[PDB]
Amino acid sequence: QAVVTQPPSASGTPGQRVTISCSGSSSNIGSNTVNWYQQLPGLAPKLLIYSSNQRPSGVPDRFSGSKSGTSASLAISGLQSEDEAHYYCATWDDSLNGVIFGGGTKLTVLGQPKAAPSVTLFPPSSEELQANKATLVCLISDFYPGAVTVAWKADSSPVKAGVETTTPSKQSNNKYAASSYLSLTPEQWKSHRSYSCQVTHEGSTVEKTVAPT
Amino acid sequence: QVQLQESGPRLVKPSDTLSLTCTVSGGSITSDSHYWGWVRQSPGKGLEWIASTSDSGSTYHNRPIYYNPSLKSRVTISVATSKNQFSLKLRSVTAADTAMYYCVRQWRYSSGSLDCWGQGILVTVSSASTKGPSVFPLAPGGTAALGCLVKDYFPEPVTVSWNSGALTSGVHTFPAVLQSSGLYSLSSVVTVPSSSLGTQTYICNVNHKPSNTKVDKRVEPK
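Protein chains in written order, with the deposited numbering: chain L, 1 to 9, 11 to 27, 27A to 27B, 28 to 95, 95A to 95B, 96 to 210; chain H, 1 to 35, 35A to 35B, 36 to 52, 52A to 52F, 53 to 82, 82A to 82C, 83 to 100, 100A to 100C, 101 to 126, 132 to 213.
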């Protein structure tokens, strides 16, 4: 009851206008103003809206707030792919005498085009060798949606041992990035002749490959 | 127009005390219009305000000290007016205390608008010991790709710069894989072209603040 709540999701197409609820009670939203914060991936929250409806000096004009009763609303007109982020509401609660947050809302902006993974691969180094390990690194970037698989092959001998593949994470531009690491032993490297890191996405595959020589 | 930076031990042991510091680098830490505060965020979770203190509160108003109730038993907030700093102690840390911690400058009015934020500090609660990484050089149509591999570290994060911050064009630093060994690896890659390669020197600069480890590494192939 001394707690605030918001929808965990909202969605939309560029140019749209979406609105995010924030719901509280008498001791918080009822008796106090509301603030709203935006948070882009790999970043810190930003003051977006304060005293329910005011704007900080940098906040574009399409962001606006309302309060009434025990509820507040952030409204974004003219949705931009910039705006794909988490949106938190904050207020003050008289009963707990301090700041409370809502649980946040992920705002997805879709209709954005498919992007095919650019792929880069790397052999081990004449240094991680003469220390006596080996790692092939496979770097997959700038692909939407964040959904790929990574097959490794020893000639086609699909190698599956010692494969660490990250999960995709949300790049700044709102496309995605992930990397895959094939570990093996120093002589396991100059024994075979070549290894291949292949990366499928949507239904179209991509392959780069390297050798020792 | 204040800059806020956090510092402190990145890696606390279970039931140890966590203690960070906020360095205010833009104005003077005394203002009867602002409180100074701490916010945290467990990975993937939401934001949780911790506490905020006032400075100054001499003859005029007061020195009100506000706490989030769930943590009041465990928490201390402190200013060092003389050094332009404020502080947060978190006692008896559990793993439910792993979080990015943020400095915030708060506003005495409007329900506590958190108006200036520090970039944040990731504090991990763990019984494991730190391990600084190891860096290995990664050597390479039109565009050539070049990089560093930051191998086996704990805990997050490691930052990587190039040529002591001079080179930022075309740099991509990838998020870390969490290996089966409980340790982390990540890579940083510069897509440049030619005529290059022969002239430029390319150093990657890897700071792993949790282990106080800084390594420079020049590429080129053998």
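Even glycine gets a Cβ: it sits at the ideal position worked out from N, Cα and C.
Is the beta carbon of L/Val145 less than 8 Å from the beta carbon of H/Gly100A? no
Quick one, which of H/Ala167, H/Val71 and H/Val12 has its alpha-carbon nearest H/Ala49's? Of the candidates H/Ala167, H/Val71 and H/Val12, H/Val71 places its Cα closest to the Cα of H/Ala49.
Close Cβ partners of L/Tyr141 (< 8 Å) along its chain, the five nearest in sequence each way excluded: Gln109, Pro110, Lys111, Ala112, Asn171, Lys172 and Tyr173
I'd like to know whether the C-beta of L/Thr197 is nearer than 8 Å to at least one C-beta of chain H. Taking Cβ atoms only, chain H never reaches closer than 8 Å to L/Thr197, which makes this a no.
So with CB distances below 8 Å, who are the chain L contacts of H/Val180? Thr117 and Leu136
By alpha-carbon positions, which one of H/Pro14, H/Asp32 and H/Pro61 ends up nearest to H/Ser52D? Comparing Cα positions, the closest option is H/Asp32.
Beta carbon proximity, H/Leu188 to chain L, threshold 8 Å: For H/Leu188, not one C-beta of chain L is nearer than 8 Å to its own C-beta.
Who are the Cβ neighbours of H/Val121 in its own chain at under 6 Å, not counting the five residues just before and after it? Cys139, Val141, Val197, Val206 and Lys208
Is the beta carbon of L/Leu136 closer than 8 Å to that of L/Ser176? yes
Rounded to a whole number of angstroms, what is the C-alpha to C-alpha distance between L/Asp60 and L/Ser76? Between the C-alpha atoms of L/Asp60 and L/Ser76 there is a straight-line separation of about 9 Å.
According to DSSP, what are the bridge partners of L/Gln79? Answer by DSSP bridge pairing: none, since L/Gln79 is not bridged.
For H/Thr134 versus H/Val151, is the C-beta distance shorter than 8 Å? Contact: no.
Going by Cα to Cα distance, which pick from L/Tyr86, L/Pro44, L/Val134 and L/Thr5 is closest to L/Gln195? L/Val134
Could you have a look at H/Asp101 and say whether DSSP puts it in helix, strand or coil? strand
Expected contact under 8 Å - CB spacing of L/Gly57 and L/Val33 to nearest Å: That pair is no contact at about 19 Å.
Taking residue 243 of chain H and H/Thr83 to be in contact with their CB atoms under 8 Å, please state how far apart those CB atoms are, rounded to whole angstroms. Any answer about residue 243 of chain H is impossible in this case: the structure gives chain H only from 1 up to 213.
Using the three-state DSSP reduction, which class does H/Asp52A fall into: helix, strand or coil? H/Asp52A sits in coil when the DSSP states are folded into three classes, being neither helix nor strand.
Residue of L/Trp91, L/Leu107 and L/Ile28 minimising C-alpha distance to L/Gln79: L/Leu107
Which stretch, first to last residue, makes up the beta strand (DSSP E) that contains L/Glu124? Run containing L/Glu124: none; DSSP gives neither H nor E here.
Taking L/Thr163 as the reference, give the member of H/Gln170, H/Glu6, H/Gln5 and H/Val181 with the closest Cα. H/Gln170
When you compare each of H/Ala136, H/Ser202 and H/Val149 to H/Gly161 by their alpha carbons, which one comes out closest? H/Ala136
Shorter than 8 Å from the beta carbon of H/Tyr35 to some beta carbon of chain L? Contact with chain L is absent for H/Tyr35, since none of that chain's Cβ atoms lies less than 8 Å from the residue's Cβ.
Could you say which of H/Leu124, H/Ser172, H/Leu174 and H/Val168 lies nearest to H/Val181 if we only look at CA atoms? H/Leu124
Nearest CA to the CA of L/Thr5: which residue from L/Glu161, L/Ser166, L/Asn31 and L/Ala71? L/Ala71
What three-state label does DSSP hand H/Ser33 in the structure shown? coil
Quick one: measure Cβ to Cβ for L/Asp92 and L/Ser27A, integer angstroms, because I've assumed they're closer than 8 Å. 5 Å
Span separating the alpha-carbon of H/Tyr90 from that of L/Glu81: Roughly 25 Å between the two C-alpha positions.
Pick helix, strand or coil for H/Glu6, following the three-state DSSP scheme. In the three-state reduction of the DSSP assignment, H/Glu6 falls in the strand class.
Within the continuous alpha helix (DSSP H) that includes L/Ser188, where are the two ends? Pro183 to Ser188
Could you compute how far the alpha carbon of H/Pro146 sits from the alpha carbon of L/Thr102? 29 Å
Identified DSSP bridge partners for H/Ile69: In DSSP, H/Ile69 forms a bridge with H/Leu80.
When the cut-off is 8 Å and only beta carbons count, does H/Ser100B lie next to chain L? yes
Minimum Cβ-Cβ distance from H/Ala136 to chain L less than 8 Å: At least one chain L Cβ lies under 8 Å of H/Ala136.
Please name the residue, chosen from H/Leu82, H/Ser52B, H/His53 and H/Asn54, that lies closest to H/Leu63 on a Cα-to-Cα basis. H/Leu82
Beta-carbon separation of L/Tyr49 and L/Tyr87 under 8 Å? no
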